[PDB]
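What follows is a single structure, written as structure tokens, with notes after it.
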Amino acid sequence: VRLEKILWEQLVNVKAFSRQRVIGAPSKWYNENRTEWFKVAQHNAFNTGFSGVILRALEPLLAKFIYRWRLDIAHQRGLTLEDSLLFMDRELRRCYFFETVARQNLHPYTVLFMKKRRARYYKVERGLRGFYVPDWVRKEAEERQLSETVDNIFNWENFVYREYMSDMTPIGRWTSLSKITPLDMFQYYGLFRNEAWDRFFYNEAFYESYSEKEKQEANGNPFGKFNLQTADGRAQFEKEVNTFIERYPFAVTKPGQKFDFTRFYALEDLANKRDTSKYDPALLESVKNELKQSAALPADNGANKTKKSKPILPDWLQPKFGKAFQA
Amino acid sequence: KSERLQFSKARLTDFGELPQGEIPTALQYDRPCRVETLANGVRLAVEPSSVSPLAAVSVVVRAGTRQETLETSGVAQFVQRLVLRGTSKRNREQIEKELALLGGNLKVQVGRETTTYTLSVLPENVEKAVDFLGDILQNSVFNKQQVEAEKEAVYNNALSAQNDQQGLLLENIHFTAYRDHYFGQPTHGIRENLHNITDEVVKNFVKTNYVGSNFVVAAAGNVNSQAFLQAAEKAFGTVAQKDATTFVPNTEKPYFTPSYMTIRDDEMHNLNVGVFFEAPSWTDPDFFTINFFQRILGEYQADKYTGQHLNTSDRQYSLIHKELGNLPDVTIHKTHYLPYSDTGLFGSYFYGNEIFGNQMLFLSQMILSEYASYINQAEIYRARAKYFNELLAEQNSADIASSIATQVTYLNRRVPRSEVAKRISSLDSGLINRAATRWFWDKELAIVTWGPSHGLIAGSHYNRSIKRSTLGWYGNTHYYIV
Amino acid sequence: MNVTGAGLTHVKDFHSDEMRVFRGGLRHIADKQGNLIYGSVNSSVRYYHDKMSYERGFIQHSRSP
Amino acid sequence: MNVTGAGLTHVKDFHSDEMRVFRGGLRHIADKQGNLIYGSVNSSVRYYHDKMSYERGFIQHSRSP
Amino acid sequence: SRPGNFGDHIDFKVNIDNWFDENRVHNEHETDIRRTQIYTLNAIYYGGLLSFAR
Amino acid sequence: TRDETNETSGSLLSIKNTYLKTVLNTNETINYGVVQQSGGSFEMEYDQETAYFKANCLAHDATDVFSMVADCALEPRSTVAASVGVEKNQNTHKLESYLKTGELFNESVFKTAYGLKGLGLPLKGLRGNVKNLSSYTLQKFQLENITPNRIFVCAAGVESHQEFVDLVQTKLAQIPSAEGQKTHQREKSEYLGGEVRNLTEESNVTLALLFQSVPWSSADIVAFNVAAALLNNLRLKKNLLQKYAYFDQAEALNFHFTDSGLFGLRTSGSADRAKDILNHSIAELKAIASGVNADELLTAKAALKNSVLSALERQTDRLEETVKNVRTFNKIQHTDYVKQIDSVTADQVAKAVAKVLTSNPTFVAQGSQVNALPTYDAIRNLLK
Amino acid sequence: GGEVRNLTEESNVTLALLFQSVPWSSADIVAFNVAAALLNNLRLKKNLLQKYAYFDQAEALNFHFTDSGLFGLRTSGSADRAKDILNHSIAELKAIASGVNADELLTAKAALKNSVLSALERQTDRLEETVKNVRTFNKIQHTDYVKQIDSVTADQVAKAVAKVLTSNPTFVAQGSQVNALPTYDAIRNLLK
Ligand SMILES: CCCCCCCCCCCCCCCCCC(=O)OC[C@H](COP(=O)([O-])OCC(O)COP(=O)([O-])OC[C@@H](COC(=O)CCCCCCCCCCCCCCCCC)OC(=O)CCCCCCCCCCCCCCCCC)OC(=O)CCCCCCCCCCCCCCCCC
Ligand SMILES: CCCCCCCCCCCCCCCCCC(=O)OC[C@H](COP(=O)([O-])OCC(O)COP(=O)([O-])OC[C@@H](COC(=O)CCCCCCCCCCCCCCCCC)OC(=O)CCCCCCCCCCCCCCCCC)OC(=O)CCCCCCCCCCCCCCCCC
Ligand SMILES: CCCCCCCCCCCCCCCCCC(=O)OC[C@H](COP(=O)([O-])OCC[N+](C)(C)C)OC(=O)CCCCCCCCCCCCCCCCC
């Protein structure tokens with residue numbers, strides 16, 4: 001029996017209902033990046049419609065009980081949100097996919113520092129419970145803002161998708177565990193999956209996706225539709241950014257300082273085609289230098305190198321000193 | 001033209017594939033081919049190709065090893081070499097010069113049911129080749145001294161036959177499959193009898209076998225049909241007509257003899273195993289269906305296919321390639337379909353490390369028998385496309401000429417590309433299952449294993465395990481283990 | 001010495017493909033790779049048939065019942 | 001071909017000393033020769049504790065209780 | 001059809017009996033009928049055993 | 001391989017071993033399944049100065065197969081592809097060393113001829129650099145080498161040129177033009193006549209003697225091809241293998257490049273009496289310089305015509321050599337190879353070989369008794 | 001006088017140049033030992049290892065046989081400068097043929113005496129050399145090794161090395177770029 005051409009498919013998947021299967025050029029499984037999908041979904045849910053209106057009203061509670069709670073716990077542990085979000089403790093401890101990807105792509109320090117940061121706290125917490133990280137460690141924990149953790153998270157997720165998740169083809173499968181238990185014995189993977197039945201071929205065109213309009217809209221201003229050129233728009237934008245900074249202490253600035261909006265406007269002007277000399281040349285130079293440095297991947301200098309070992313056998317494993325004429 | 005765009009996908013109205021009856025547009029066209037018969041019975045077929053740069057002439061004579069006896073075994077090997085040695089018109093030096101001038105691309109294939117002589121030359125001298133080819137095979141003079149000289153060469157060839165391991169294993173499966181018929185004896189002949197051949201034996205063989213009714217001359221490439229036909233008639237009009245009074249040995253059906261042979265040799269590092277079923281003759285109704293089965297099984301290499309390019313062996317549409325990729329050391333696998341006038345053999349030959357002996361022993365049957373119960377449409381379409389491409393891939397003049405000659409000899413007709421495509425494309429999963437159960441399900445086997453047999457000695461006899469291998473899901477017990 | 005054998009002896013060493021999933025990149029190891037470890041009962045049960053037998057030039061014929 | 005790999009592929013092969021008593025002549029193989037097959041649970045029960053852990057230039061100090 | 005590297009047959013008398021040829025019913029044609037007969041005999045034996053098991 | 005440096009040597013081998021692995025548009029699994037279910041074939045090969053991908057399929061599958069081929073050829077290599085390629089390259093190196101294949105010997109011959117740089121760079125890549133074939137090195141190699149002006153696209157069996165032009169436009173038109181931008185370019189090749197003598201305790205000795213013959217642009221390429229055909233088909237067998245029982249195998253090697261060339265002999269025989277093998281090979285090579293007879297020339301030309309036209313008859317090989325001719329010379333020269341072969345005369349071949357003999361010999365020897373061989377000056381004097 | 005040139009793709013190139021020395025019977029053997037002591041202790045370190053960094057290691061080989069002998073140098077250094085490793089090495093050996101300074105000769109003889117007497121002080125090595133002396137010279141000569149070393153002069157060492165250099169060279173090279181080295185005739189001409 002063929003799943004396609006089955007009676008249900010013949011009766012339902014017909015041109016009359018626009019449910020016909022359409023065959024196009026071959027394309028990879030997992031065609032949609034998860035990070036982009038979540039970006040668009042978040043924008044649609046928060047900044048549009050009745051759902052957006054409801055979720056905007058809940059910004060205080062969500063910020064208090066989902067962001068500052070995690071941040072407070074991490075700071076108590078001498079950690080940041082990165083330590084809990086860039087690589088989940090589940091992946092850090094036991095995950096073979098993460099282990100293989102890290103071994104094949106990542107430098108050891110990228111995860112060694114993550115592990116040692118938690119080792120700092122848990123060498124004391126397990127010995128004596130209730131450990132509160134002292135101020136000096138908490139300071140270095142607080143130094144890093146969320147604006148860099150988000151960059152790391154997006155970089156890692158995009159790399160994982162473009163390199164590994166984009167080169168995977170799932171298949172129908174039986175129980176992974178070779179367990180004699182009958183309940184595990186007859187586990188069937190492949191049915192009850194939406195992806196399994198949505199497309200029966202690798203040539204089928206994709207029937208559900210985000211429209212280009214939504215994708216472009218999700219890349220606009222997260223805070224709202226403003227006009228930074230007019231003074232009225234800038235005032236509202238600054239008000240919203242100030243309340244955001246208040247809600248999230250270590251998101252973009254230290255919890256005691258204020259955000260520099262002139263530098264942000266200079267960055268926006270430089271990035272887009274709009275330009276002018278309303279900013280000081282020093283400001284423009286500083287902004288350009290900061291932009292260059294932020295996008296610069298660190299490289300090795302090849303300096304201050306330690307000495308490599310060339311071990312030799314000890315003296316007792318070598319012949320004695322004397323050497324006379326053999327004959 | 002169907003439409004403006006050659007690369008259109010409109011006709012693919014079945015989920016990206018053509019429907020059951022339809023065929024690709026490229027295969028809807030057939031090159032011209034004219035077949036004629038002469039008074040002597042020699043059949044001339046021409047399939048010209050003006051654009052091609054070469055012309056190939058293939059002469060197929062239905063004489064073969066089948067027409068030999070124990071007291072005259074190996075006379076075909078002497079015949080093939082002696083024909084070039086000399087002729088009444090031309091000495092050895094003269095024919096050697098003539099062969100060199102038009103290129104050394106002369107291939108002599110001494111088969112069991114027939115012998116083929118294929119010569120590929122330039123278009124401007126193709127006629128000359130015919131004049132040569134007709135003479136060399138017709139007026140050859142077999143001297144005693146020449147036979148004495150060639151005895152050593154024939155004996156060395158017989159001894160060296162072991163160099164081509166696949167060929168020697170094919171000869172072994174022929175020997176084991178037909179034990180009560182001379183058709184089982186090796187093509188190179190019995191070694192100890194090679195020195196017993198005389199000039200008179202060769203002369204009698206050629207006189208009683210090279211008859212007008214046994215000659216088919218096929219031509220392909222840049223060849224002028226009229227000129228080639230006229231020249232071939234002039235050349236081959238002097239061949240003696242077949243005589244009924246003459247006696248042709250071994251004219252009865254070589255009934256298939258199931259068996260299991262084991263050439264145990266523990267100093268080879270590798271094992272050559274072959275498992276074959278009785279297969280239809282060239283005229284059986286299930287001929288192109290079994291060719292489709294051959295395409296389904298296909299061939300495998302350890303440096304290609306699932307053994308080299310995939311994340312996992314499961315991600316493909318060839319069932320046998322999955323298993324072969326799962327086995328690191330099973331290196332070579334090829335499905336051979338050899339049809340003859342009376343009988344035929346369809347089977348699989350594996351070559352690989354002896355540690356996977358049983359895996360190579362029980363695999364070929366398991367897949368084939370499984371097709372008797374269920375075959376996925378993906379495999380059907382894969383084999384369909386492969387057969388289409390191979391049909392469109394016959395371009396070399398020598399290969400096409402040899403195929404034309406063989407088709408004429410076994411059918412007295414040139415089967416066109418379109419007809420073959422229509423025949424194979426009409427196959428369905430149900431038809432595939434019915435053919436497989438007719439020919440493969442619960443059927444007898446001819447098995448040969450050559451090489452280190454320390455693992456296989458225990459089951460070296462035709463027993464229950466071998467008996468149930470030709471079943472489907474019942475009998476895979478031994479394959480999976482190890 | 002830093003060499004594997006320490007510069008004093010040769011060690012018959014092997015890195016079993018068991019306990020590994022990928023031989024390279026995301027590609028999987030052969031399903032029956034472990035069978036390439038010769039002379040180990042753990043590799044296969046067929047190794048329990050460990051009778052002594054060596055022969056050359058021997059041909060055997062068995063006919064179907 | 002008559003080559004170990006058939007002349008067109010490379011085989012990761014190894015003749016385990018398990019099921020063999022003598023290295024040569026009349027001397028037994030080392031008792032713990034089988035441990036030289038890395039990455040196999042059959043070699044040792046210590047392979048169950050196999051969480052990822054890599055370090056260079058790391059020193060730790062511990063004191064007697 | 002033996003390998004070339006094989007020589008002449010060794011003087012050792014490997015076979016004392018010729019049962020390979022003697023033990024034959026010359027029915028190369030119609031082999032499937034004999035196979036069905038063997039299957040039927042096996043079926044009878046298994047049926048008796050299964051009756052006892054029942 | 002000529003365009004690779006020591007850092008990225010062997011990148012072409014990794015691409016070949018993982019030529020089906022792409023991630024941007026289609027997956028390795030899917031692009032393997034496309035070839036499998038299309039009934040056609042897809043293959044890659046690479047020479048010192050070329051890298052050719054070729055796929056043959058049915059007309060209705062043409063678009064998908066072309067998209068797959070373009071993605072495989074032009075898409076940057078991924079990290080997973082890099083790892084798989086490293087593993088496969090290690091396996092390939094082990095196999096080549098184990099089998100003692102003739103390619104492993106030709107690698108030493110090229111290294112001697114041109115040095116570790118340029119043409120001498122091994123096709124399989126340096127063995128010590130295999131671990132360094134990460135995605136970064138492969139991508140750098142592609143960026144510095146793969147440019148729109150260095151890409152050619154070929155089709156055969158196409159009803160209308162414009163349709164295939166549009167198909168290629170939909171895929172390769174994006175690649176921004178590299179004209180006016182700093183290109184890697186190729187440094188001119190230099191020929192050095194060094195010698196290599198390897199002791200290996202081998203029962204057989206293999207020798208090779210090659211000389212700088214001519215590039216593609218020259219008019220003697222046909223002459224050197226005819227000379228190689230005469231050696232292989234007629235002279236080497238008759239005068240070297242048949243007469244002497246210690247000659248295992250002799251064959252004439254002839255390679256031509258955009259700016260250099262190498263023509264010579266490679267003969268393998270018994271380890272002992274290697275001096276006799278060397279002297280006989282030198283004498284046979286010098287025989288052509290002495291002269292060529294009319295009958296021998298006609299036989300060699302007939303064999304060469306047969307081989308070339310057999311290659312040209314098949315559509316795939318004809319298309320491949322059409323692409324190579326177009327990329328070497330703007331015109332197509334494979335439609336009149338017969339005329340050029342006929343134009344060759346014995347005097348021209350003799351003069352070409354005699355002129356080539358005067359060059360610095362490239363002499364490579366492997367075997368048990370390579371040490372007991374004439375010195376380089378002695379070999380030059382013998383050739384002189 | 002054969003030559004061997006093996007391409008090994010080693011980051012380091014190892015060269016060895018040897019000539020036929022005298023057998024045990026000849027009295028020059030002691031002189032040759034002094035020559036070795038003139039290289040492995042004093043010269044070869046200063047002239048090659050100290051001045052040039054690409055010289056991984058250089059040493060002087062001196063083997064004696066009942067009917068023949070071997071004497072020369074074995075050097076190893078950076079492959080990219082293989083030629084520079086060769087030329088200089090030859091010069092060092094050739095320098096010995098040019099002459100030996102009094103101070104260098106005294107230092108080499110003192111070092112050779114120290115090594116030989118350190119070997120002889122141990123009873124096992126003394127017994128082994130006693131057996132070898134009896135089997136070679138039919139008498140015991142290790143009792144007067146010091147006198148033989150003292151009797152050596154710079155002129156004898158220079159003449160012996162000059163005579164040895166005239167013999168057909170034996171040249172071996174294993175490295176990444178051994179394919180580019182002076183031809184055997186060029187090697188002989190440089191040695192000449
Ligand atoms: C205490 C006093 C009574 C003792 C009774 C002992 C048994 C008597 C009968 C058999 C006598 C011969 C024994 C030969 C053993 C050979 C194999 C062996 O030793 O391998 C090591 C074996 C483990 O094998 P393994 O390969 O590692 O597989 C498990 C993995 O860990 C994989 O783990 P996993 O997580 O994937 O799987 C979880 C779990 C999930 O399992 C389940 O959910 C399945 C339920 C359990 C099995 C049910 C079996 C029912 C048998 C009914 C028999 C009726 C009476 C008649 C008996 C005569 C024959 C008909 O899997 C298992 O537990 C499977 C292991 C089965 C162990 C029992 C094997 C022997 C019985 C096999 C059938 C009869 C063989 C006869 C041979 C001789 C000829 C007569 O360990 C044991 O045998 C454990 C013994 C524990 C003894 C404690 C008492 C339990 C007794 C058995 C279960 C009874 C359940 C209640 C039945 C009620 C019926 C109404
Ligand atoms: C009338 C015939 C009755 C026959 C009874 C037979 C009983 C034996 C069991 C048969 C199977 C039962 C149904 C299983 C449903 C599993 C759903 C599922 O996959 O989860 C989706 C869902 C997640 O969905 P998702 O987020 O889209 O994720 C999809 C995954 O990616 C997807 O991940 P994946 O693809 O990796 O999936 C892995 C795994 C799925 O994941 C699991 O491990 C599932 C675990 C489920 C545990 C709870 C099971 C409770 C089952 C109760 C079913 C109702 C029984 C009513 C009986 C009435 C009296 C007869 O797959 C399986 O193991 C599925 C194997 C099932 C094969 C059989 C399918 C049904 C065939 C029915 C027709 C048979 C005709 C005869 C044929 C004879 C031979 C030719 O998981 C859940 O939250 C579990 C939902 C469980 C629902 C239970 C039923 C609720 C409604 C009850 C209504 C009232 C009934 C009457 C009451 C009494 C009135 C008086
Ligand atoms: C409680 C009330 C329930 C309602 C009543 C239903 C009763 C009917 C029960 C049907 C299920 C039991 C299976 C029987 C048939 C299975 C056939 C099969 O497996 O074939 C494929 C299997 C395949 O197994 P295979 O792979 O071993 O076969 C391969 C063999 N070669 C290669 C030679 C082809 O076997 C067959 O091919 C057999 C085909 C014959 C089909 C027999 C059908 C019988 C009809 C059954 C019931 C019909 C409905 C009427 C019932 C009355 C109800 C009112």
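So you can find residues: chains in the structure tokens are A, B, ... in the order shown, residues in each start at 1, and ligands are numbered from 1 in order.
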
Find the residues in chain B near chain C: any atom within 9 Å counts, using only C-alpha atoms. Write them as a ChimeraX atom specification. /B:176,257-267,307,310-313,325-329,355-356,444-445,452-455,458,460-463,467,481-482

The selected residues should be written to file as a short mmCIF file (atom, residue, chain, number, x, y, z; two decimals), in the first residue's frame (atoms: N, CA, C and O atoms).
data_model
loop_
_atom_site.label_atom_id
_atom_site.label_comp_id
_atom_site.auth_asym_id
_atom_site.auth_seq_id
_atom_site.Cartn_x
_atom_site.Cartn_y
_atom_site.Cartn_z
N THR B 176 28.40 -26.23 -11.80
CA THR B 176 27.59 -26.82 -10.74
C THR B 176 26.11 -26.83 -11.09
O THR B 176 25.37 -27.70 -10.62
N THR B 257 20.59 -28.17 -12.37
CA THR B 257 20.96 -29.14 -11.33
C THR B 257 21.35 -28.39 -10.06
O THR B 257 22.51 -27.96 -9.93
N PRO B 258 20.44 -28.22 -9.10
CA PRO B 258 20.80 -27.51 -7.87
C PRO B 258 21.95 -28.20 -7.15
O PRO B 258 22.00 -29.43 -7.06
N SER B 259 22.87 -27.40 -6.63
CA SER B 259 24.06 -27.93 -5.98
C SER B 259 24.72 -26.83 -5.17
O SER B 259 24.36 -25.65 -5.27
N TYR B 260 25.71 -27.23 -4.37
CA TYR B 260 26.49 -26.31 -3.53
C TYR B 260 27.93 -26.79 -3.57
O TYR B 260 28.27 -27.79 -2.93
N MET B 261 28.78 -26.07 -4.30
CA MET B 261 30.19 -26.40 -4.43
C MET B 261 31.03 -25.48 -3.56
O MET B 261 30.72 -24.30 -3.40
N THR B 262 32.11 -26.03 -3.00
CA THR B 262 33.00 -25.30 -2.10
C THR B 262 34.45 -25.57 -2.50
O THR B 262 34.99 -26.63 -2.18
N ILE B 263 35.06 -24.62 -3.19
CA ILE B 263 36.48 -24.68 -3.53
C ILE B 263 37.23 -24.06 -2.35
O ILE B 263 37.51 -22.86 -2.33
N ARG B 264 37.56 -24.89 -1.37
CA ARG B 264 38.18 -24.41 -0.14
C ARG B 264 39.65 -24.10 -0.38
O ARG B 264 40.43 -24.99 -0.72
N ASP B 265 40.02 -22.83 -0.21
CA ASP B 265 41.41 -22.39 -0.32
C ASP B 265 41.63 -21.32 0.74
O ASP B 265 41.05 -20.23 0.64
N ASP B 266 42.45 -21.63 1.74
CA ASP B 266 42.60 -20.78 2.92
C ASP B 266 43.80 -19.85 2.82
O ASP B 266 44.38 -19.48 3.84
N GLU B 267 44.19 -19.46 1.60
CA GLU B 267 45.30 -18.53 1.40
C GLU B 267 44.93 -17.50 0.34
O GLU B 267 45.69 -17.21 -0.58
N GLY B 307 28.48 2.44 0.39
CA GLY B 307 29.73 2.21 1.11
C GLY B 307 30.59 3.44 1.26
O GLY B 307 31.52 3.43 2.08
N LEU B 310 27.03 8.43 2.18
CA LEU B 310 25.77 8.56 2.89
C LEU B 310 26.07 8.76 4.37
O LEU B 310 27.15 8.42 4.85
N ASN B 311 25.09 9.33 5.08
CA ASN B 311 25.20 9.38 6.54
C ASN B 311 24.94 8.02 7.15
O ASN B 311 25.64 7.60 8.08
N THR B 312 23.93 7.31 6.65
CA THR B 312 23.62 5.96 7.10
C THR B 312 23.12 5.16 5.91
O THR B 312 22.57 5.72 4.96
N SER B 313 23.32 3.84 5.97
CA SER B 313 22.89 2.98 4.88
C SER B 313 21.38 2.96 4.72
O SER B 313 20.89 2.66 3.63
N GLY B 325 26.24 -1.80 2.60
CA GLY B 325 26.89 -0.74 3.36
C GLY B 325 27.02 -1.08 4.83
O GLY B 325 28.01 -0.72 5.47
N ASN B 326 26.03 -1.78 5.38
CA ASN B 326 26.13 -2.20 6.78
C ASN B 326 27.32 -3.13 7.00
O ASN B 326 27.85 -3.20 8.11
N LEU B 327 27.75 -3.85 5.96
CA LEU B 327 28.85 -4.79 6.08
C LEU B 327 30.13 -4.11 5.60
O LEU B 327 30.27 -3.88 4.39
N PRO B 328 31.07 -3.77 6.48
CA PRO B 328 32.25 -3.01 6.03
C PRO B 328 33.09 -3.73 4.99
O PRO B 328 33.64 -3.07 4.10
N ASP B 329 33.22 -5.05 5.06
CA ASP B 329 34.20 -5.77 4.26
C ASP B 329 33.61 -6.49 3.05
O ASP B 329 34.38 -6.96 2.21
N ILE B 355 34.93 -13.35 6.82
CA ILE B 355 34.22 -13.23 8.09
C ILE B 355 32.74 -12.97 7.87
O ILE B 355 31.92 -13.28 8.74
N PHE B 356 32.37 -12.40 6.73
CA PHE B 356 30.98 -12.16 6.37
C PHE B 356 30.45 -13.22 5.41
O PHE B 356 29.47 -12.96 4.69
N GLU B 444 14.83 -23.71 -6.04
CA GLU B 444 16.14 -24.31 -5.85
C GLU B 444 17.25 -23.31 -6.18
O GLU B 444 17.01 -22.25 -6.77
N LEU B 445 18.47 -23.67 -5.80
CA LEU B 445 19.62 -22.78 -5.90
C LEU B 445 20.82 -23.51 -6.48
O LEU B 445 20.94 -24.73 -6.39
N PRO B 452 38.68 -19.12 1.50
CA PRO B 452 38.71 -19.64 2.87
C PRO B 452 37.33 -20.03 3.37
O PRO B 452 36.46 -19.16 3.54
N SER B 453 37.11 -21.32 3.60
CA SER B 453 35.80 -21.85 3.96
C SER B 453 35.78 -22.41 5.37
O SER B 453 34.91 -23.23 5.69
N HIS B 454 36.70 -21.98 6.24
CA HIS B 454 36.73 -22.49 7.60
C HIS B 454 35.41 -22.23 8.31
O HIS B 454 34.91 -23.09 9.05
N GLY B 455 34.84 -21.04 8.12
CA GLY B 455 33.55 -20.75 8.73
C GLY B 455 32.41 -21.54 8.12
O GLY B 455 31.48 -21.94 8.82
N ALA B 458 30.83 -26.05 8.15
CA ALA B 458 29.75 -26.65 8.94
C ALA B 458 28.46 -26.73 8.14
O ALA B 458 27.74 -27.74 8.21
N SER B 460 28.31 -26.46 4.77
CA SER B 460 28.71 -26.59 3.37
C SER B 460 27.79 -27.50 2.56
O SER B 460 27.92 -27.52 1.33
N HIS B 461 26.90 -28.24 3.20
CA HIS B 461 25.99 -29.13 2.50
C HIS B 461 24.64 -28.46 2.29
O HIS B 461 24.24 -27.56 3.03
N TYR B 462 23.93 -28.92 1.26
CA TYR B 462 22.60 -28.40 0.93
C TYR B 462 21.63 -28.88 2.00
O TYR B 462 21.16 -30.02 1.97
N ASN B 463 21.32 -28.00 2.95
CA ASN B 463 20.53 -28.39 4.12
C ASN B 463 19.35 -27.46 4.34
O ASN B 463 19.04 -26.62 3.48
N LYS B 467 17.81 -24.49 2.17
CA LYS B 467 16.49 -24.76 1.61
C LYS B 467 15.54 -23.58 1.84
O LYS B 467 14.80 -23.19 0.94
N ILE B 481 22.56 -12.89 11.92
CA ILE B 481 23.55 -13.26 12.91
C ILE B 481 24.94 -13.02 12.33
O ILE B 481 25.29 -13.57 11.28
N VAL B 482 25.73 -12.20 13.01
CA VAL B 482 27.05 -11.78 12.53
C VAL B 482 26.89 -10.81 11.37
O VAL B 482 27.86 -10.20 10.92
#

Taking only C-alpha atoms into account, which residues of chain A are within 8 Å of chain C, as a list in words? residues 104, 164, 310, 311, 312 and 313 of chain A

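Atom CA of residue 199 of chain A lies 22.8 Å from atom 13 (C, counted along the ligand's line) of ligand 2.
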
Kindly compile the residues surrounding ligand 3 within 10 Å, counting only C-alpha atoms and all ligand atoms, and format them as a PyMOL selection string. chain B and resi 369-374+430+433-438+440-442+471-474

For the selection you just gave me, I'd like the residues written to a file as a compact mmCIF listing (two decimals), in the first residue's frame, keeping C-alpha atoms.
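Result saved to again.txt:
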# COMPACT_ATOMS: atom_id res chain seq x y z
CA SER B 369 12.48 -13.75 -2.40
CA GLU B 370 11.27 -10.74 -0.41
CA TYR B 371 10.18 -9.13 -3.68
CA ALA B 372 7.76 -12.05 -4.07
CA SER B 373 5.79 -10.70 -1.09
CA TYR B 374 6.35 -6.92 -1.15
CA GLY B 430 1.83 -6.76 -8.28
CA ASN B 433 5.58 -9.91 -6.99
CA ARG B 434 3.98 -12.48 -9.30
CA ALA B 435 7.11 -12.80 -11.45
CA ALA B 436 9.32 -13.11 -8.37
CA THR B 437 7.15 -15.84 -6.87
CA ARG B 438 7.14 -17.62 -10.23
CA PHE B 440 12.45 -16.87 -7.03
CA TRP B 441 10.10 -17.85 -4.19
CA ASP B 442 10.84 -21.20 -2.55
CA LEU B 471 11.93 -17.98 1.21
CA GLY B 472 11.37 -14.39 2.25
CA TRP B 473 11.16 -13.16 5.83
CA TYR B 474 11.40 -16.84 6.83

May I have the residues within 9 Å of ligand 1, computed using only C-alpha atoms and all ligand atoms, as a ChimeraX atom specification? /A:177-185

Keeping N, CA and C atoms for every residue in the selection just given, could you write it to a file as a compact mmCIF listing (two decimals), in the first residue's frame?
# COMPACT_ATOMS: atom_id res chain seq x y z
N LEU A 177 15.95 2.17 22.43
CA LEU A 177 16.45 1.29 23.48
C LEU A 177 16.18 -0.16 23.10
N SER A 178 17.20 -1.01 23.25
CA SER A 178 17.05 -2.44 23.00
C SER A 178 16.61 -3.15 24.27
N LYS A 179 15.49 -2.69 24.82
CA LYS A 179 14.96 -3.18 26.08
C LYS A 179 13.89 -4.23 25.82
N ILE A 180 13.94 -5.31 26.61
CA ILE A 180 13.01 -6.42 26.45
C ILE A 180 11.61 -6.08 26.94
N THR A 181 11.44 -4.97 27.65
CA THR A 181 10.12 -4.59 28.14
C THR A 181 9.17 -4.43 26.96
N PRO A 182 8.00 -5.08 26.97
CA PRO A 182 7.09 -4.95 25.82
C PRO A 182 6.64 -3.53 25.56
N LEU A 183 6.47 -2.72 26.61
CA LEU A 183 6.03 -1.34 26.40
C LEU A 183 7.05 -0.54 25.60
N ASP A 184 8.34 -0.70 25.91
CA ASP A 184 9.37 -0.08 25.09
C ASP A 184 9.57 -0.82 23.78
N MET A 185 9.23 -2.11 23.74
CA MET A 185 9.53 -2.93 22.57
C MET A 185 8.80 -2.42 21.34

If you run DSSP on this backbone, which residues of segment 208-381 of chain F come out as alpha helix (DSSP H), and could you give them as a ChimeraX atom specification? /F:221-229,274-290,294-313,315-328,337-343,346-357,376-381
